[PDB]
Amino acid sequence: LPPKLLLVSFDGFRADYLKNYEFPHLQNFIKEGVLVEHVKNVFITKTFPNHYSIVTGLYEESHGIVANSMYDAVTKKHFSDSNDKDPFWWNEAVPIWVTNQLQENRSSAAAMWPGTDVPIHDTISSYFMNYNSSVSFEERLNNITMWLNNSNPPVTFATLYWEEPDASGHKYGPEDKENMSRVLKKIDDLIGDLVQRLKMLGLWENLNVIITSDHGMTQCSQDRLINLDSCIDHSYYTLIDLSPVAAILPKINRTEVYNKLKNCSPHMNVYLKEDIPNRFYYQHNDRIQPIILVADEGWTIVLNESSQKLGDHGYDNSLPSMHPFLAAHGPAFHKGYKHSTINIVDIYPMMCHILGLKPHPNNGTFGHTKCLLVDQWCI
Ligand SMILES: *[C@@H]1O[C@H](CO)[C@@H](O[C@@H]2O[C@H](CO)[C@@H](O)[C@H](O)[C@H]2NC(C)=O)[C@H](O)[C@H]1NC(C)=O
Ligand SMILES: Nc1ncnc2c1ncn2[C@@H]1O[C@H](COP(=O)(O)O)[C@@H](O)[C@H]1O
Ligand SMILES: *[C@@H]1O[C@H](CO)[C@@H](O)[C@H](O)[C@H]1NC(C)=O
Ligand SMILES: *[C@@H]1O[C@H](CO)[C@@H](O)[C@H](O)[C@H]1NC(C)=O
Ligand SMILES: [Zn+2]
Ligand SMILES: [Zn+2]
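Counted the way the authors' numbering counts, the sequence shown spans residues 24 to 402.
Structural data, given as structure tokens:
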């Protein structure tokens, strides 16, 4: 009987949601498991880059998914959330489902996790779902758990992904407590459905389950806008990604573009690529454009017609508002332990340890996770 692990992400689950709303089902999951109250994720704090960091243990400059929208000047290739199936974009790293799939008599399974419908280094999970946001949580849940329960050879690593509370966090903004409370109650119910389902199938006691997320959300406002069209003409540059980290590809002298942009708003930092702060680990990749604009927390970079979005993320990964949480339950995990923080790149070496996989070189520190694990010294 090999170890099994289910990795679950509810997109956009800001850590402090746990302190401001009631999560009876999550509380239950935590009570007999472990909670990391907030996870320091990676810059930029967007969906595709952070999900890949979870499954590779790498910073974004290293795994190469540096935004939800990218342009590679050399190949002329474009990446976006919808247009995300060219392996070119995934192949700078090897995610854990691949390493798991490559072991004899083991399989990986997936239900909607970013990249799991793409062959990466020519390897795809035995079971996966082509991305389709219309597929209900129940269907994702019932299928991924069936696969974990049945399947020959055994499924030992599985992913499960859900688009909320990110989608509604964007719509309402995290400060809209009336509306976010209904969103998050639904998430807690889904976690309840997950636990009920594990108990029904007899998986609850032997399956390792991690419930986590990619980033948080912060409130945006009409009083906090930076309009690039009021600062620089379109002819000067091509916009690769917009807000709150704008990726700017100059059409003319980069110096001329930089001089305009650095005098646009005191509520963003304007960086030549080579001046991007080292703390972000967001420089050493050709997919990072010659200039980036980083808006301060709660500020939005806009064009004349950019639509309103009351919540957003992407900002500085040191901001608590951008941090997700992590919870876990199962034979590898202690019962009733709470820990303050780990880094999101630390999840990978922990998962490899649970599954008995040799990790690829990575930027995580296994030591940070030892207090969560039953076989490990906790200092
Ligand atoms: C994050 O981990 C990656 C993987 O080990 C590191 O990437 C290496 O970087 C060194 C630079 O010292 C290169 O010589 C290696 O060839 C790289 N290896 C791979 C597989 O990319 C990266 O340096 C780490 N990041 C930090 C900030 O330490
Ligand atoms: N495979 C996929 N294809 C298309 N869209 C996706 C996929 N996975 C996630 N998404 C959506 O893309 C969003 C990324 O935008 P953001 O949340 O602003 O980072 C996610 O929150 C999902 O709603
Ligand atoms: C879920 O599983 C059913 C049968 O168990 C399968 O027919 C269906 O295609 C799956 N849904 C997906 C892959 O979205
Ligand atoms: C997405 O899922 C829904 C529900 O299963 C289905 O009706 C729809 O046809 C799917 N879209 C594609 C492109 O398969
Ligand atoms: Zn996300
Ligand atoms: Zn989002």
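Built from N, CA and C at the ideal position, the CB exists for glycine as well.
So, using beta-carbon positions, are residue i and residue j closer together than 7 Å?
| i | j | result |
| --- | --- | --- |
| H336 | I365 | no |
| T79 | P118 | yes |
| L224 | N173 | no |
| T168 | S32 | no |
| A350 | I77 | no |
| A132 | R163 | no |
| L251 | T323 | no |
| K358 | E55 | yes |
| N165 | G353 | no |
| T179 | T139 | no |
| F356 | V57 | yes |
| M345 | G239 | yes |
| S156 | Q124 | no |
| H362 | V59 | yes |
| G321 | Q242 | yes |
| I377 | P25 | no |
| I271 | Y260 | yes |
| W136 | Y184 | yes |
With respect to 6 Å, is the separation between the Cβ of residue i and the closest non-hydrogen atom of ligand 5 below this value?
| i | result |
| --- | --- |
| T70 | yes |
| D237 | yes |
| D189 | yes |
Taking 6 Å as the cut-off, is the CB of residue i close to at least one heavy atom of ligand 2?
| i | result |
| --- | --- |
| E320 | no |
| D109 | no |
| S92 | no |
| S105 | yes |
| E83 | no |
| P267 | no |
| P118 | no |
| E115 | no |
DSSP has residue i in a bridge; who is on the other side?
| i | result |
| --- | --- |
| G334 | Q242 |
| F102 | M93 |
| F151 | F151 pairs with nothing; no bridge assigned. |
| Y360 | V57 |
| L295 | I314 |
| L30 | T182 and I233 |
| residue 407 | Not covered by the structure: residue 407. The range shown for the chain is 24 to 402. |
| residue 408 | Lying outside 24 to 402, the shown extent of the chain, residue 408 is not represented and no answer is given. |
| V325 | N250 |
| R37 | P347 |
Return yes when at least one heavy atom of ligand 6 lies under 6 Å from the C-beta of residue i, else no.
| i | result |
| --- | --- |
| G35 | yes |
Using only the heavy atoms of ligand 3, determine whether one of them is closer than 6 Å to the beta carbon of residue i.
| i | result |
| --- | --- |
| residue 476 | Residue 476 lies beyond the range of the chain shown here (24 to 402); nothing can be said about it. |
| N166 | yes |
| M152 | yes |
(request) Answer yes if the segment 363-377 comes into contact with the segment 51-65, meaning at least three C-beta pairs across the two stretches below 8 Å, and no otherwise. (result) Contact between the segment 51-65 and the segment 363-377 is present, because at least three Cβ pairs lie under 8 Å.
(request) Any chance you could list the residues with Cβ under 6 Å from a heavy atom of ligand 4, keeping chain order? (result) Neighbourhood of ligand 4, defined by CB distance below 6 Å to any of its heavy atoms: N155, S157 and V158, in chain order.
(message) Taking contact to mean 3 or more Cβ pairs, one atom from each stretch, closer than 8 Å, check whether the segment 80-97 and the segment 306-322 are in contact.
(response) In short, these stretches touch, since the Cβ pair count reaches three.
(message) Any residue with its C-beta under 5 Å from a non-hydrogen atom of ligand 1 counts. Can you list them all in chain order?
(response) Those satisfying the condition are, in chain order, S85, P384 and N386.
(message) Under 8 Å, with one C-beta from each stretch per pair, do the segment 323-334 and the segment 192-199 reach the 3-pair mark?
(response) With the cut-off at 8 Å, the segment 323-334 and the segment 192-199 touch.
(message) Whether or not the segment 286-299 and the segment 316-329 are in contact is what I'm after, with contact meaning three or more pairs of Cβ atoms, one per stretch, closer than 8 Å; do they touch?
(response) Counting Cβ pairs under 8 Å, three or more are found: they touch.
(request) Taking 8 Å as the threshold, find out whether the segment 87-97 comes into contact with the segment 264-277 through three or more Cβ pairs. (result) Contact holds: three or more Cβ-Cβ distances are below 8 Å.
(request) Spell out a yes or no on whether the segment 206-224 and the segment 176-196 are touching, meaning 3 or more CB-CB pairs, one atom from each, closer than 8 Å. (result) Yes, they touch.
(request) Decide yes or no for the touch test of the segment 99-111 against the segment 275-284: beta carbon pairs closer than 8 Å, at least 3 of them. (result) Two segments are said to touch when three or more pairs of C-beta atoms, one from each, lie closer than 8 Å; by this definition the segment 99-111 does not touch the segment 275-284.
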